[PDB]
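Encoded as structure tokens, the structure appears first; notes follow it.
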Amino acid sequence: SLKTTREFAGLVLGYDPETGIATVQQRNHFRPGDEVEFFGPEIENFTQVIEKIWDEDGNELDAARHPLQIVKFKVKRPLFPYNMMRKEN
């Protein structure tokens, strides 16, 4: 069960189901090319590659390296607010 912030890399804040773009609050470093898993109740957990990331001002980022910054990127299946994201080994 969930004890600390070490256990995940992002918290989903929002998801645009028309465009596929998720809004994620970073908790630990992740970057384009990384594999992640989205999880939590109400979804089947799934993995994907992170293709490209941007901030809320539309700047592309080489990495989401700043704790609790809000970032955006395309996801491969729908998400609900407060689903979670972790790195996939």
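Cβ coordinates were reconstructed from backbone atoms using ideal geometry, including for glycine residues, and neighbour counts include every protein chain displayed. Taken together, the values in this text are just the output of simple stated rules run on the coordinates, not laboratory data.
With each pseudo-label sitting 7 Å past Cα toward Cβ, what's the residue 52-residue 66 distance in nm, one decimal?
2.1 nm
Under unit Cβ charges (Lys, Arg +1; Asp, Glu -1), what dipole magnitude, rounded to 20 debye, does the chain have relative to its Cα centre?
My answer is approximately 320 debye.
With unit charges on the beta carbon (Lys/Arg positive, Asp/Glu negative), name the residue among 25, 54, 67 whose Cα is farthest towards the positive pole of the charge dipole of the chain.
After comparing all options, I get 67.
Take peptides 49-60, 10-21 and line them up by average Cβ neighbours within 10 Å, highest first, as a rough protection proxy.
By packing density, highest mean first, the sequence is 10-21, 49-60.
Percent relative contact order of the chain, based on C-alpha pairs within less than 8 angstrom and at least six residues apart?
That works out to 40 percent.
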